[PDB]
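Chemist: Below are the structure tokens for one structure; questions will follow.
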Amino acid sequence: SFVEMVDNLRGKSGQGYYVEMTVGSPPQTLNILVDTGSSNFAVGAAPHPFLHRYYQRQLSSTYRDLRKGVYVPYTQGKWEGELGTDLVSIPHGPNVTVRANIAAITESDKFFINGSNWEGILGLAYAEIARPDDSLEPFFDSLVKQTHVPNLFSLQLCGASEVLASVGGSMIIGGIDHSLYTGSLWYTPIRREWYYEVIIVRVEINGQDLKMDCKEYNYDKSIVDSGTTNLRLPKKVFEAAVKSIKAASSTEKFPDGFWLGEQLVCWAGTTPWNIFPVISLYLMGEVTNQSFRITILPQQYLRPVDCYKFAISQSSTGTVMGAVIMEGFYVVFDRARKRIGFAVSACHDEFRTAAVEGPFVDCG
Ligand SMILES: N=C(N)NC(=O)Cn1c(-c2ccccc2)ccc1-c1ccccc1
């Protein structure tokens, strides 16, 4: 009920956000990672060391084989499965049940994470990048086609023995829950419908323009992906960023392992938040020379591990606006209007606030 959908996501810091879902008949319960950076509905369907629970096609009276496998390799692992179809529901989402394609994973390589608690993955991006090809209708596409839920979904990623801290959030499917944000919603166009691709026109490491040709901010592409933790930047922008960040926090000093994202830096509640600057990402607006900025605090790019890890890393796939950027913002994936809206979140110190400000006046 939007209301029924509030706080329907759980996660372990840095390990993603999942939503409970059910598959088959009787309903099999599973936690599924919400990924706007992929397009397959893939779930474990065979025993695994990190899996304490998986999809059993055998118990589903409504399961249907497609006889057609799916092999998906990547630099580090893979997941192989058998393609199928079955009934799927989201208990704390819309009150509907649709028949969707399901990639039943039977063999994997560094796919599943130890102790994350999700058993599958919900690829929420377009068919362009779906495996094995674009003929395998992504889950959301089946949802809208069958039920008559509106082509749009929102994500309010929130953030925060010893254990990784637990995170919470909401995935409101079919609409916009106005109590999840304050201020107005600024939309940036979806450049192309494959990944949720957008355009960054300018960047600032607190007031200072990085002054690069904007094509660099999107060198290759720029995407909004909940399935990625860190804010990943093209090598050139990345180094320009760290330099600026190191120059502003210098009244403090740390090792390279820290900036290379592979090392923590701890202080308790003494944390020097204010030495670290805010990062402003201006996104192309709906009107050609109009843009708007989303400003993020160190509380965002310094992920807790008191200890923290630098949540900004280098990339050769382009820019990736991951969880650490989406947090503190209510993000709207308006597939119907082909755009993405940003607004300060209900989720979210007394000197600086994350912000969504506009407007401002060849980047892709
Ligand atoms: N980068 C993304 N947005 N999405 C993926 O990489 C999805 N993905 C994939 C994947 C690769 C190609 C096509 C469909 C899914 C393999 C492993 C993951 C994964 C698993 C757990 C946590 C994070 C990623």
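Note that chain A carries Swiss-Prot numbering, so the residues on display, from first to last, are 59-218, 225-331, 333-370, 379-421, 424-436, 442-444.
A Cβ is built for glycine as well, from the same backbone N, Cα and C atoms used for every other residue.
Here Swiss-Prot flags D93, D289 as active site, drawing on sequence analysis. Sequence annotations record features per position, and here Swiss-Prot assigns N6-acetyllysine to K126, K275, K279, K285, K299, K300, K307 based on experimental evidence. Sequence annotations record features per position, and here Swiss-Prot assigns N-linked glycosylation site to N153, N172, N354 based on sequence analysis. Here Swiss-Prot flags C216-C420, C278-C443, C330-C380 as disulfide bond, drawing on experimental evidence.
Could you tell me the structural context for the features on the list?
Modeler: Around the Cβ of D93 (active site), the same chain contributes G74, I179, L180, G181, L182, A183, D289, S290, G291, each under 8 angstroms and 6 or more positions distant in sequence.
Every protein chain shown contributes to the tally, and the Cβ of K126 (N6-acetyllysine) ends up with 11 other Cβ atoms within 10 Å.
DSSP gives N153 (N-linked glycosylation site) a coil state; it is part of no helix or strand. In this chain, no residue six or more apart from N153 (N-linked glycosylation site) has a CB-CB distance below 8 Å.
A coil conformation is recorded for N172 (N-linked glycosylation site) in the three-state DSSP classification, outside any helix or strand. Other Cβ atoms within 10 Å of the Cβ of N172 (N-linked glycosylation site) number 7 in total over all chains.
Other Cβ atoms within 10 Å of the Cβ of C216 (disulfide bond) number 21 in total over all chains.
Listed in sequence order, there are no same-chain residues at least 6 apart in sequence whose CB falls under 8 Å from the CB of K275 (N6-acetyllysine). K275 (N6-acetyllysine) carries neither a helix nor a strand DSSP state and counts as coil.
The C-beta environment of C443 (disulfide bond), restricted to residues of the same chain at least 6 apart in sequence and closer than 8 Å, consists of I263, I264, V265, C278, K279, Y281, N282, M349. In the three-state DSSP reading, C443 (disulfide bond) counts as coil.
Around the Cβ of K279 (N6-acetyllysine), a 10 Å sphere holds 12 further Cβ atoms from the protein chains shown.
For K285 (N6-acetyllysine), applying a Cβ distance below 8 Å and a minimum sequence separation of six or more within one chain yields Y259, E261, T390, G391, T392.
According to DSSP, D289 (active site) sits in a coil region rather than a helix or strand.
DSSP assigns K299 (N6-acetyllysine) to a helix.
With a 10 A radius on its CB, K300 (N6-acetyllysine) counts 15 other CB atoms from all the protein chains.
Long-range C-beta contacts of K307 (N6-acetyllysine), restricted to its own chain and to partners at least six residues apart, with a cutoff below 8 Å, are absent.
Long-range Cβ neighbours of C330 (disulfide bond) (same chain, at least 6 residues apart, Cβ-Cβ under 8 Å): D379, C380, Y381.
For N354 (N-linked glycosylation site), the same-chain residues that are 6 or more apart in sequence and have a Cβ closer than 8 Å to its Cβ are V436.
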Chemist: Round to a whole number and give the Cα-to-Cα distance in Å for the pair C420 (disulfide bond) and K299 (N6-acetyllysine).
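Modeler: The Cα atom of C420 (disulfide bond) is 31 Å away from the Cα atom of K299 (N6-acetyllysine).
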Chemist: Please tell me which one of the recorded positions listed here (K126, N172, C216) sits closest to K300 (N6-acetyllysine), measuring Cα to Cα?
Modeler: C216
Chemist: So the entry has no coordinates for 8 residues flanked by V370 and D379. How far apart are their C-alpha atoms in Å?
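Modeler: Taking the Cα atoms on either side of the gap gives 8 Å.
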Chemist: In the deposited model, 5 residues lying between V436 and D442 are absent; what is the Cα-Cα distance separating these two residues, in Å, to the nearest whole number?
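Modeler: Logged value, Cα of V436 to Cα of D442: 14 Å.
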Chemist: Round to the nearest Å and give the CA-to-CA distance linking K126 (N6-acetyllysine) with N172 (N-linked glycosylation site).
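Modeler: With the alpha carbons as reference points, the distance is 29 Å.
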